[PDB]
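Colleague: This one is upload.txt, compact mmCIF, N, CA, C and O atoms.
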```txt
# COMPACT_ATOMS: atom_id res chain seq x y z
N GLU A 1 55.45 4.42 -44.39
CA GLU A 1 55.11 3.00 -44.59
C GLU A 1 53.59 2.77 -44.70
O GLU A 1 53.15 1.96 -45.52
N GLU A 2 52.78 3.51 -43.94
CA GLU A 2 51.33 3.54 -44.11
C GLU A 2 50.93 4.12 -45.47
O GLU A 2 50.05 3.55 -46.12
N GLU A 3 51.60 5.18 -45.92
CA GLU A 3 51.38 5.77 -47.24
C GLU A 3 51.73 4.79 -48.36
O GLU A 3 50.91 4.58 -49.26
N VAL A 4 52.87 4.11 -48.28
CA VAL A 4 53.24 3.04 -49.23
C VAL A 4 52.18 1.94 -49.22
O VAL A 4 51.71 1.55 -50.29
N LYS A 5 51.71 1.48 -48.05
CA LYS A 5 50.61 0.50 -47.96
C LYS A 5 49.31 1.00 -48.59
O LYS A 5 48.63 0.22 -49.26
N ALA A 6 48.95 2.26 -48.36
CA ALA A 6 47.76 2.88 -48.92
C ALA A 6 47.85 2.96 -50.45
O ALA A 6 46.94 2.50 -51.14
N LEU A 7 48.98 3.42 -50.99
CA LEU A 7 49.27 3.48 -52.42
C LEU A 7 49.33 2.08 -53.05
O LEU A 7 48.77 1.88 -54.12
N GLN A 8 49.90 1.07 -52.37
CA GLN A 8 49.86 -0.33 -52.84
C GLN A 8 48.42 -0.84 -52.94
O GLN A 8 48.06 -1.54 -53.89
N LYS A 9 47.59 -0.51 -51.94
CA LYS A 9 46.18 -0.90 -51.91
C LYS A 9 45.41 -0.21 -53.03
O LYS A 9 44.63 -0.87 -53.73
N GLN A 10 45.68 1.07 -53.27
CA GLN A 10 45.09 1.84 -54.36
C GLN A 10 45.56 1.32 -55.73
O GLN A 10 44.73 1.12 -56.61
N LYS A 11 46.85 1.00 -55.89
CA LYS A 11 47.40 0.36 -57.10
C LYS A 11 46.71 -0.97 -57.39
O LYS A 11 46.24 -1.18 -58.51
N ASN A 12 46.56 -1.84 -56.39
CA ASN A 12 45.85 -3.11 -56.55
C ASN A 12 44.37 -2.91 -56.91
O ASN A 12 43.83 -3.64 -57.75
N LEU A 13 43.72 -1.90 -56.32
CA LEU A 13 42.35 -1.52 -56.66
C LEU A 13 42.24 -1.05 -58.12
O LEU A 13 41.39 -1.55 -58.85
N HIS A 14 43.12 -0.14 -58.56
CA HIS A 14 43.15 0.34 -59.95
C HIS A 14 43.46 -0.78 -60.94
O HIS A 14 42.80 -0.85 -61.98
N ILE A 15 44.37 -1.71 -60.62
CA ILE A 15 44.64 -2.89 -61.45
C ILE A 15 43.37 -3.75 -61.61
O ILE A 15 43.01 -4.12 -62.73
N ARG A 16 42.67 -4.03 -60.50
CA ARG A 16 41.42 -4.81 -60.52
C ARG A 16 40.31 -4.09 -61.29
O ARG A 16 39.67 -4.70 -62.14
N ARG A 17 40.12 -2.79 -61.04
CA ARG A 17 39.11 -1.97 -61.73
C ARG A 17 39.41 -1.83 -63.22
O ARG A 17 38.51 -2.03 -64.01
N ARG A 18 40.67 -1.59 -63.61
CA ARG A 18 41.10 -1.58 -65.02
C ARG A 18 40.85 -2.92 -65.69
O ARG A 18 40.30 -2.94 -66.78
N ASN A 19 41.19 -4.05 -65.05
CA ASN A 19 40.88 -5.38 -65.61
C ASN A 19 39.38 -5.56 -65.83
O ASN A 19 38.96 -6.13 -66.84
N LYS A 20 38.57 -5.06 -64.90
CA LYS A 20 37.11 -5.11 -65.00
C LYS A 20 36.58 -4.21 -66.11
O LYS A 20 35.73 -4.65 -66.87
N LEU A 21 37.12 -3.01 -66.23
CA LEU A 21 36.82 -2.07 -67.30
C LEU A 21 37.21 -2.68 -68.65
O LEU A 21 36.39 -2.64 -69.54
N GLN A 22 38.37 -3.32 -68.77
CA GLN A 22 38.78 -4.03 -69.98
C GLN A 22 37.87 -5.22 -70.30
O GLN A 22 37.57 -5.47 -71.46
N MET A 23 37.37 -5.96 -69.29
CA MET A 23 36.36 -6.99 -69.52
C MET A 23 35.04 -6.39 -70.01
O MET A 23 34.51 -6.86 -71.01
N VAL A 24 34.55 -5.35 -69.34
CA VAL A 24 33.33 -4.63 -69.74
C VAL A 24 33.51 -4.09 -71.15
O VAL A 24 32.68 -4.38 -71.99
N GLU A 25 34.61 -3.40 -71.44
CA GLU A 25 34.96 -2.82 -72.73
C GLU A 25 35.10 -3.89 -73.80
O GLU A 25 34.56 -3.72 -74.88
N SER A 26 35.74 -5.03 -73.53
CA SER A 26 35.85 -6.14 -74.50
C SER A 26 34.49 -6.77 -74.81
O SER A 26 34.18 -6.99 -75.99
N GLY A 27 33.66 -6.98 -73.79
CA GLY A 27 32.28 -7.46 -73.95
C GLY A 27 31.44 -6.46 -74.73
O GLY A 27 30.83 -6.81 -75.73
N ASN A 28 31.52 -5.19 -74.34
CA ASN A 28 30.88 -4.06 -75.00
C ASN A 28 31.35 -3.92 -76.45
O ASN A 28 30.53 -3.81 -77.34
N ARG A 29 32.65 -4.02 -76.74
CA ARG A 29 33.21 -3.94 -78.10
C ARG A 29 32.73 -5.10 -78.98
O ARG A 29 32.41 -4.88 -80.15
N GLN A 30 32.60 -6.30 -78.41
CA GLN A 30 32.00 -7.44 -79.10
C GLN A 30 30.50 -7.24 -79.33
O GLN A 30 30.01 -7.51 -80.43
N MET A 31 29.78 -6.69 -78.34
CA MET A 31 28.38 -6.27 -78.49
C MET A 31 28.25 -5.16 -79.54
O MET A 31 27.33 -5.22 -80.33
N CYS A 32 29.17 -4.20 -79.60
CA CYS A 32 29.16 -3.06 -80.50
C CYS A 32 29.44 -3.48 -81.94
O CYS A 32 28.77 -3.00 -82.85
N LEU A 33 30.40 -4.39 -82.17
CA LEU A 33 30.64 -4.98 -83.49
C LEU A 33 29.37 -5.69 -83.99
O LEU A 33 28.91 -5.41 -85.09
N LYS A 34 28.74 -6.49 -83.13
CA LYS A 34 27.47 -7.15 -83.44
C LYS A 34 26.30 -6.17 -83.55
O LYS A 34 25.38 -6.41 -84.32
N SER A 35 26.33 -5.07 -82.81
CA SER A 35 25.36 -3.99 -82.91
C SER A 35 25.54 -3.19 -84.20
O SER A 35 24.57 -2.66 -84.71
N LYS A 36 26.75 -3.13 -84.76
CA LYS A 36 27.01 -2.62 -86.11
C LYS A 36 26.43 -3.55 -87.16
O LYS A 36 25.74 -3.09 -88.06
N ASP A 37 26.62 -4.86 -87.00
CA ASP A 37 25.96 -5.85 -87.86
C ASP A 37 24.43 -5.73 -87.75
O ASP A 37 23.70 -5.86 -88.73
N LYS A 38 23.93 -5.43 -86.54
CA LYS A 38 22.53 -5.12 -86.28
C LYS A 38 22.08 -3.84 -86.96
O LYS A 38 21.00 -3.84 -87.52
N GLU A 39 22.88 -2.78 -86.92
CA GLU A 39 22.62 -1.52 -87.62
C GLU A 39 22.58 -1.73 -89.14
O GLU A 39 21.72 -1.17 -89.82
N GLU A 40 23.42 -2.61 -89.68
CA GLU A 40 23.34 -3.03 -91.09
C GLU A 40 22.12 -3.91 -91.38
O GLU A 40 21.52 -3.79 -92.45
N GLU A 41 21.72 -4.80 -90.47
CA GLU A 41 20.51 -5.63 -90.59
C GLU A 41 19.25 -4.77 -90.54
O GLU A 41 18.37 -4.88 -91.40
N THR A 42 19.15 -3.86 -89.56
CA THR A 42 18.04 -2.92 -89.42
C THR A 42 18.06 -1.89 -90.54
O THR A 42 17.00 -1.54 -91.04
N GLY A 43 19.24 -1.47 -91.00
CA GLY A 43 19.41 -0.65 -92.20
C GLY A 43 18.92 -1.34 -93.47
O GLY A 43 18.25 -0.72 -94.29
N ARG A 44 19.15 -2.66 -93.61
CA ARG A 44 18.58 -3.48 -94.69
C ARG A 44 17.07 -3.62 -94.55
O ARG A 44 16.37 -3.36 -95.52
N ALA A 45 16.55 -3.93 -93.36
CA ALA A 45 15.11 -3.99 -93.11
C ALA A 45 14.42 -2.64 -93.40
O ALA A 45 13.33 -2.60 -93.96
N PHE A 46 15.09 -1.53 -93.08
CA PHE A 46 14.64 -0.18 -93.40
C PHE A 46 14.64 0.07 -94.91
O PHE A 46 13.66 0.61 -95.44
N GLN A 47 15.67 -0.37 -95.65
CA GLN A 47 15.65 -0.33 -97.12
C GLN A 47 14.55 -1.20 -97.73
O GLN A 47 13.94 -0.79 -98.72
N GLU A 48 14.24 -2.36 -97.14
CA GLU A 48 13.15 -3.24 -97.56
C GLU A 48 11.80 -2.52 -97.44
O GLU A 48 10.99 -2.53 -98.37
N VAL A 49 11.57 -1.82 -96.33
CA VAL A 49 10.36 -1.01 -96.11
C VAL A 49 10.29 0.16 -97.09
O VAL A 49 9.23 0.43 -97.64
N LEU A 50 11.42 0.82 -97.38
CA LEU A 50 11.48 1.84 -98.43
C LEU A 50 11.20 1.27 -99.82
O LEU A 50 10.58 1.95 -100.64
N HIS B 1 73.25 10.99 0.91
CA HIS B 1 72.20 11.04 -0.13
C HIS B 1 72.47 12.12 -1.21
O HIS B 1 72.06 12.00 -2.36
N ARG B 2 73.20 13.18 -0.84
CA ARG B 2 73.61 14.26 -1.73
C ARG B 2 74.69 13.81 -2.71
O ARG B 2 74.61 14.08 -3.91
N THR B 3 75.67 13.06 -2.21
CA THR B 3 76.75 12.48 -3.01
C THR B 3 76.22 11.41 -3.96
O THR B 3 76.56 11.42 -5.14
N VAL B 4 75.30 10.55 -3.49
CA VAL B 4 74.62 9.53 -4.30
C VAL B 4 73.91 10.17 -5.50
O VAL B 4 74.17 9.78 -6.64
N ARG B 5 73.11 11.22 -5.28
CA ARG B 5 72.42 11.95 -6.36
C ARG B 5 73.39 12.54 -7.38
O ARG B 5 73.12 12.45 -8.58
N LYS B 6 74.49 13.14 -6.93
CA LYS B 6 75.50 13.72 -7.84
C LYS B 6 76.14 12.64 -8.72
O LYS B 6 76.34 12.88 -9.91
N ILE B 7 76.46 11.48 -8.14
CA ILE B 7 77.04 10.34 -8.86
C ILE B 7 76.04 9.79 -9.88
O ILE B 7 76.35 9.73 -11.07
N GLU B 8 74.84 9.43 -9.44
CA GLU B 8 73.82 8.83 -10.30
C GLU B 8 73.36 9.76 -11.41
O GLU B 8 73.27 9.33 -12.56
N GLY B 9 73.09 11.04 -11.11
CA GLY B 9 72.59 11.96 -12.12
C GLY B 9 73.64 12.32 -13.17
O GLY B 9 73.28 12.48 -14.33
N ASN B 10 74.94 12.38 -12.83
CA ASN B 10 75.99 12.56 -13.84
C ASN B 10 76.15 11.32 -14.73
O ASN B 10 76.33 11.46 -15.94
N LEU B 11 76.05 10.12 -14.16
CA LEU B 11 76.07 8.89 -14.95
C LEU B 11 74.88 8.82 -15.91
O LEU B 11 75.08 8.57 -17.09
N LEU B 12 73.68 9.10 -15.40
CA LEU B 12 72.45 9.14 -16.21
C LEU B 12 72.58 10.15 -17.35
O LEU B 12 72.27 9.84 -18.49
N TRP B 13 73.10 11.34 -17.03
CA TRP B 13 73.33 12.42 -17.98
C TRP B 13 74.23 12.00 -19.14
O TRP B 13 73.85 12.12 -20.30
N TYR B 14 75.41 11.45 -18.84
CA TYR B 14 76.34 11.03 -19.89
C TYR B 14 75.88 9.79 -20.64
O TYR B 14 76.19 9.67 -21.83
N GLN B 15 75.11 8.90 -20.01
CA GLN B 15 74.44 7.80 -20.72
C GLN B 15 73.44 8.34 -21.75
O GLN B 15 73.44 7.88 -22.89
N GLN B 16 72.63 9.33 -21.38
CA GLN B 16 71.68 9.98 -22.28
C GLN B 16 72.38 10.69 -23.44
O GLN B 16 71.93 10.59 -24.58
N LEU B 17 73.52 11.33 -23.16
CA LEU B 17 74.35 12.00 -24.16
C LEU B 17 74.96 11.01 -25.17
O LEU B 17 74.94 11.24 -26.37
N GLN B 18 75.46 9.86 -24.70
CA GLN B 18 75.93 8.79 -25.59
C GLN B 18 74.78 8.17 -26.38
O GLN B 18 74.95 7.83 -27.55
N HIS B 19 73.60 8.03 -25.77
CA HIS B 19 72.43 7.51 -26.45
C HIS B 19 71.97 8.45 -27.58
O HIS B 19 71.45 7.96 -28.58
N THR B 20 72.22 9.75 -27.45
CA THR B 20 71.97 10.75 -28.51
C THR B 20 73.00 10.67 -29.64
O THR B 20 72.63 10.80 -30.80
N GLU B 21 74.27 10.37 -29.35
CA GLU B 21 75.27 10.11 -30.41
C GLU B 21 74.98 8.80 -31.16
O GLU B 21 75.02 8.79 -32.39
N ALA B 22 74.64 7.72 -30.47
CA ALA B 22 74.24 6.47 -31.11
C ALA B 22 72.93 6.63 -31.92
O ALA B 22 72.77 6.01 -32.97
N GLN B 23 72.03 7.51 -31.46
CA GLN B 23 70.84 7.90 -32.22
C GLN B 23 71.20 8.57 -33.55
O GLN B 23 70.52 8.25 -34.51
N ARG B 24 72.27 9.36 -33.67
CA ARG B 24 72.66 9.93 -34.98
C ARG B 24 72.98 8.89 -36.05
O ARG B 24 72.59 9.04 -37.20
N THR B 25 73.68 7.82 -35.69
CA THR B 25 73.93 6.72 -36.64
C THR B 25 72.63 6.00 -37.02
O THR B 25 72.46 5.62 -38.18
N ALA B 26 71.69 5.86 -36.09
CA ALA B 26 70.36 5.34 -36.39
C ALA B 26 69.52 6.33 -37.23
O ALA B 26 68.77 5.89 -38.10
N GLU B 27 69.69 7.64 -37.03
CA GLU B 27 69.10 8.70 -37.84
C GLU B 27 69.60 8.63 -39.29
O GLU B 27 68.80 8.76 -40.20
N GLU B 28 70.89 8.35 -39.54
CA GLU B 28 71.40 8.16 -40.92
C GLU B 28 70.75 6.96 -41.63
O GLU B 28 70.29 7.10 -42.77
N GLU B 29 70.63 5.81 -40.96
CA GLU B 29 69.90 4.65 -41.49
C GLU B 29 68.41 4.97 -41.71
O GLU B 29 67.84 4.63 -42.75
N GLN B 30 67.78 5.68 -40.77
CA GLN B 30 66.40 6.16 -40.90
C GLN B 30 66.24 7.16 -42.06
O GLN B 30 65.26 7.08 -42.80
N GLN B 31 67.21 8.03 -42.31
CA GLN B 31 67.22 8.97 -43.44
C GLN B 31 67.35 8.23 -44.77
O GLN B 31 66.72 8.60 -45.76
N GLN B 32 68.17 7.17 -44.81
CA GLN B 32 68.33 6.30 -45.98
C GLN B 32 67.03 5.54 -46.26
O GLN B 32 66.56 5.53 -47.40
N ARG B 33 66.39 4.98 -45.22
CA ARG B 33 65.08 4.33 -45.32
C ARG B 33 63.98 5.31 -45.74
O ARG B 33 63.18 4.98 -46.61
N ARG B 34 63.98 6.53 -45.21
CA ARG B 34 63.07 7.61 -45.61
C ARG B 34 63.25 8.00 -47.07
O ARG B 34 62.27 8.13 -47.79
N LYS B 35 64.49 8.13 -47.56
CA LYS B 35 64.78 8.35 -48.99
C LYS B 35 64.29 7.18 -49.85
O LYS B 35 63.75 7.43 -50.92
N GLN B 36 64.47 5.94 -49.39
CA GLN B 36 63.99 4.75 -50.09
C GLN B 36 62.45 4.76 -50.20
O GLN B 36 61.93 4.65 -51.30
N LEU B 37 61.75 5.01 -49.08
CA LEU B 37 60.28 5.11 -49.03
C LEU B 37 59.75 6.27 -49.88
O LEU B 37 58.83 6.07 -50.66
N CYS B 38 60.36 7.46 -49.81
CA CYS B 38 59.97 8.58 -50.68
C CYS B 38 60.17 8.27 -52.17
O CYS B 38 59.37 8.69 -53.00
N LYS B 39 61.23 7.53 -52.52
CA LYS B 39 61.47 7.08 -53.90
C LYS B 39 60.41 6.07 -54.35
O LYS B 39 59.90 6.18 -55.46
N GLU B 40 60.04 5.14 -53.47
CA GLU B 40 58.99 4.14 -53.71
C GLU B 40 57.60 4.79 -53.82
O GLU B 40 56.84 4.45 -54.73
N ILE B 41 57.29 5.80 -53.00
CA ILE B 41 56.07 6.62 -53.10
C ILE B 41 56.01 7.34 -54.45
O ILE B 41 54.96 7.32 -55.10
N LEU B 42 57.11 7.95 -54.91
CA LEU B 42 57.16 8.62 -56.22
C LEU B 42 56.96 7.63 -57.38
O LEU B 42 56.19 7.93 -58.29
N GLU B 43 57.60 6.46 -57.35
CA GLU B 43 57.39 5.40 -58.35
C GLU B 43 55.94 4.90 -58.35
O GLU B 43 55.32 4.81 -59.41
N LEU B 44 55.35 4.66 -57.17
CA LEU B 44 53.95 4.25 -57.03
C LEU B 44 52.96 5.32 -57.51
O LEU B 44 52.00 4.98 -58.19
N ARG B 45 53.19 6.60 -57.20
CA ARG B 45 52.37 7.72 -57.69
C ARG B 45 52.44 7.83 -59.22
O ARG B 45 51.41 8.04 -59.86
N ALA B 46 53.62 7.64 -59.82
CA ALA B 46 53.78 7.63 -61.27
C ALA B 46 53.05 6.45 -61.94
O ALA B 46 52.35 6.63 -62.94
N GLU B 47 53.15 5.24 -61.37
CA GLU B 47 52.40 4.07 -61.85
C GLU B 47 50.89 4.26 -61.71
O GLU B 47 50.13 3.89 -62.62
N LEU B 48 50.43 4.84 -60.59
CA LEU B 48 49.02 5.17 -60.37
C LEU B 48 48.51 6.15 -61.41
O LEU B 48 47.47 5.90 -62.01
N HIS B 49 49.27 7.21 -61.71
CA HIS B 49 48.91 8.17 -62.75
C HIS B 49 48.77 7.49 -64.13
O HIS B 49 47.79 7.72 -64.84
N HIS B 50 49.69 6.59 -64.49
CA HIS B 50 49.60 5.86 -65.76
C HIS B 50 48.42 4.87 -65.80
O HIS B 50 47.75 4.74 -66.83
N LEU B 51 48.11 4.20 -64.69
CA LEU B 51 46.90 3.37 -64.56
C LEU B 51 45.62 4.20 -64.69
O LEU B 51 44.64 3.74 -65.28
```
I'd like the structure from this file rewritten - as structure tokens, please.

Modeller:
Amino acid sequence: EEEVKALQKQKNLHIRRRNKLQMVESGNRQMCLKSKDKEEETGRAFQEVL
Amino acid sequence: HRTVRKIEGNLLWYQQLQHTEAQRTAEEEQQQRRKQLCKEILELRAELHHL
């Protein structure tokens, strides 16, 4: 019963950490899509200098 | 005092022996609860691995 409680606590921790990782990853993926638009903008600015 | 001890200790003895037989039926319910908890631990370990 202590082991079931420990595993329930660990399950709840992994659910919370996964939700946080998915928030970080979703924010990061939105930053990365915009950072690709930035790589195209800086790639255009680099072509302008060329 | 010798007869009193023989009477009381035989009664105590057979009460303890019956308490051990009634403990076997409680051991079967405890074994069923232990199987339930071990099954729940296995399901939780599998969900933890997938998480």

Colleague: Got a sec to pull out which chain B residues are within 8 Å of chain A, counting all atoms listed in the file, and send them as a list in words?

Modeller: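 Result: residues 37, 38, 40, 41, 44, 45, 47, 48 and 51 of chain B.
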
Colleague: Write out the residues from the selection above, keeping N, CA, C and O atoms, as a compact mmCIF listing (two decimals), keeping the file's coordinate frame.

Modeller:
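Contents of selection26.txt, as written:
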```txt
# COMPACT_ATOMS: atom_id res chain seq x y z
N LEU B 37 61.75 5.01 -49.08
CA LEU B 37 60.28 5.11 -49.03
C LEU B 37 59.75 6.27 -49.88
O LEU B 37 58.83 6.07 -50.66
N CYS B 38 60.36 7.46 -49.81
CA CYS B 38 59.97 8.58 -50.68
C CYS B 38 60.17 8.27 -52.17
O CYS B 38 59.37 8.69 -53.00
N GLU B 40 60.04 5.14 -53.47
CA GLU B 40 58.99 4.14 -53.71
C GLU B 40 57.60 4.79 -53.82
O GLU B 40 56.84 4.45 -54.73
N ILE B 41 57.29 5.80 -53.00
CA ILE B 41 56.07 6.62 -53.10
C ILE B 41 56.01 7.34 -54.45
O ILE B 41 54.96 7.32 -55.10
N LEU B 44 55.35 4.66 -57.17
CA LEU B 44 53.95 4.25 -57.03
C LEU B 44 52.96 5.32 -57.51
O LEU B 44 52.00 4.98 -58.19
N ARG B 45 53.19 6.60 -57.20
CA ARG B 45 52.37 7.72 -57.69
C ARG B 45 52.44 7.83 -59.22
O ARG B 45 51.41 8.04 -59.86
N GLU B 47 53.15 5.24 -61.37
CA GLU B 47 52.40 4.07 -61.85
C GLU B 47 50.89 4.26 -61.71
O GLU B 47 50.13 3.89 -62.62
N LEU B 48 50.43 4.84 -60.59
CA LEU B 48 49.02 5.17 -60.37
C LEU B 48 48.51 6.15 -61.41
O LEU B 48 47.47 5.90 -62.01
N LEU B 51 48.11 4.20 -64.69
CA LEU B 51 46.90 3.37 -64.56
C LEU B 51 45.62 4.20 -64.69
O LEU B 51 44.64 3.74 -65.28
```

Colleague: I'd like the interatomic distance between atom CA of residue 20 of chain B and atom CA of residue 35 of chain B, to a tenth of an Å.

Modeller: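 Between these atoms lies a distance of 21.8 Å.
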
Colleague: Between atom O of residue 33 of chain B and atom N of residue 6 of chain A, what distance in Å does the model show, to one decimal?

Modeller: 14.6 Å

Colleague: Between atom C of residue 34 of chain B and atom CA of residue 22 of chain B, what is the distance in Å, rounded to a tenth?

Modeller: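 Distance reported for this atom pair: 19.4 Å.
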